[PDB]
Amino acid sequence: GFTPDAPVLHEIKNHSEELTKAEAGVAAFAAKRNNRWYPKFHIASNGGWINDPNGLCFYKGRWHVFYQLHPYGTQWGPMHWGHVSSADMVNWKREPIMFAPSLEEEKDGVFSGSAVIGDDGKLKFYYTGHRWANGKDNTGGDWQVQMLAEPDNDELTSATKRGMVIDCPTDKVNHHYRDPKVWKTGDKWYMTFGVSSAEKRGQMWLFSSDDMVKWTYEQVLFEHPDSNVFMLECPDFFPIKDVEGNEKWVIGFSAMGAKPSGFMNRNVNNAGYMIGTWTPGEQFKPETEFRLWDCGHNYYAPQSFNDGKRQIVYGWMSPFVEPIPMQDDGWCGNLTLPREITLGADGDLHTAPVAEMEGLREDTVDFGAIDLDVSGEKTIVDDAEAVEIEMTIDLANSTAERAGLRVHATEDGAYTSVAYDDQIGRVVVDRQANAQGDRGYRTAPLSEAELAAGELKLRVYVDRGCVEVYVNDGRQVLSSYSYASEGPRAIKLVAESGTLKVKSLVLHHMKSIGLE
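- This entry, as listed in the PDB, derives from X-ray crystallography and reports a resolution of 1.900 Å.

Listed below in structure tokens is the structure:
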């Protein structure tokens, strides 16, 4: 039917020729690139647009990060896989572009995919081949199958495509049929990817295999209960120990179509997870509500992987709202920092930065305890191009209705605010004073216990064109693009309508990761 016994290889172009063309476009963009907002310590392409993180792994002693790539423009376009690698997750290297469309089943795009280490210790790539249903533009809908590829060498500089391993029963689905993940449980290998059902319902399908090559359809692992959610992009599924040492399973997905409600689901599409249980042979049983991975303005398509001990997740900082000013600068988009997924006593995932991220610190500047005994502001540094701020707010002895940092504070009065908000009991990333971009604000919830702790920890990363705000050791995270203006970029401590007691504020200048 739609599960061939051997990979289906249909070569239509010369892959080395198609890769050469892609290297040209990216380099032509990198030569004219404007670095006003280009990240110092985030992964972006040297030229052109990127989105979903792909093929994440730790393999043969190196960290690997692939990503959806359009080598020929700063908007979304003919999809490729870019590639960067590192030995310590601090100093990164540029690699050859990994994938360009060269097979029939992928002629219109090499879509997102994953990497997993098989039983022989050798890596395998699983990715989606994209065709237009009416081979011209989006108007006809998508036509997507699942593909297999194997690396030519331990360094992952190139891979050999083996072809389609899972076809698409087009009459039984609503076009969308993409983004695989493969893993082993017990004696069986499994694959899931996102499907729009014939009734336009977002689903995660489940396949099984004995040999990772020939697959057999099992069932629908999960269907989103919201009829507005028509598709589940970049699905995730992994086991994790709760604080009792009992195994739970986390399901994650990038949901398309949910309507906003209050503070929730405000981005065009929203990524998140639920925690629950799974016994192979049954569906996933959720035990929590849907919770966002990241509460900020620009986060989507997260992919996680396992390094043997830790589950690590990257997100794409997705710009879904016009205007997108960085698209005038020869590039578009970067990833988050990698985050370690943990589950402890509060029943929820934390996603603090991986321990390796401390290697980004060039120095440490201790500003000590700061008190603002009256409403006002205090400048911490006159110019901060790429810094990390660790600060601890005394909630119990502060009266300020809103208190935190203003970063990217330029001489035109523009800034991004990162503050606790007592009228809503949340941490807020507010871009209303941004001189460019779509502005707005995003919020991260705080539990009743967190609000009653009398103390709030913020770990704020400031890069040239974005911010990442870790709340209470990663219990919540907000990542948003911050389009700073020209001139010095101050950072200020700001207390609004009351007092602010900061127990500790410490600054680290960030090293370059070597990709700019």
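## Points about the pattern of salt bridges
Reasoning step 1: Tallied over the entire structure, the rule returns 35 salt bridges.
Reasoning step 2: Put simply, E287 and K248 hold a salt bridge, and the shortest N to O gap is 2.8 Å. Of the two residues, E287 sits in the loop between β16 (285-286) and β17 (291-292) while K248 sits in strand β14 (residues 247-256), which places them 39 residues apart along the sequence.
Reasoning step 3: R361 is the salt-bridge partner of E388, the closest N and O atoms lying 3.0 Å from each other. Taken together, the residues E388 in strand β26 (residues 387-394) and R361 in the loop between β22 (349-353) and β23 (365-366) connect sequence positions 27 residues apart.
Reasoning step 4: Several salt bridges share partner residues, and in doing so they unite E289, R291, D346, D348, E450 and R475 into one network.

## Description of the domain arrangement of the chain
Reasoning step 1: For the chain, the assigned domains are domain 1 (1-362 + 512-516) and domain 2 (363-511).
Reasoning step 2: Inter-centroid distance (C-alpha atoms) of domain 1 to domain 2 is 31 Å.
Reasoning step 3: In total, domain 1 and domain 2 occlude about 4000 Å² of area from one another, counting both sides; carbon and sulfur atoms represent 51% of this.
Reasoning step 4: Broken down residue by residue, the surface that domain 1 buries against domain 2 is led by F263, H297 and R361, which jointly contribute 20%.
Reasoning step 5: Counting the contacts that link domain 1 with domain 2 gives 6 salt bridges.
Reasoning step 6: A salt bridge links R339 to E468, with the shortest nitrogen-to-oxygen separation between them at 2.9 Å.
Reasoning step 7: Where domain 1 meets domain 2, there are 31 residue pairs in polar contact.
Reasoning step 8: If you tally residues by element for the side of domain 1 that touches domain 2, the top one is β22, at 5 residues.

Cut-off values and rules
- Residues numbered from 1 in each chain as written, not as in the entry; some residues may be left out.
- Heavy atoms only, no water.
- Residues with missing side-chain atoms left out of burial classes, pairs and counts.
- Salt bridge = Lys/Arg side-chain N within 4 Å of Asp/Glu carboxyl O.
- Helix = DSSP H or I, 4+ residues; strand = E, 2+ residues; numbered from the N terminus.
- Domains from an automatic or database assignment.
- Buried area = accessible area lost by both parts, 1.4 Å probe.
- Polar contact = N/O pair within 3.5 Å; in protein donor to acceptor, adjacent residues only side chain to side chain.

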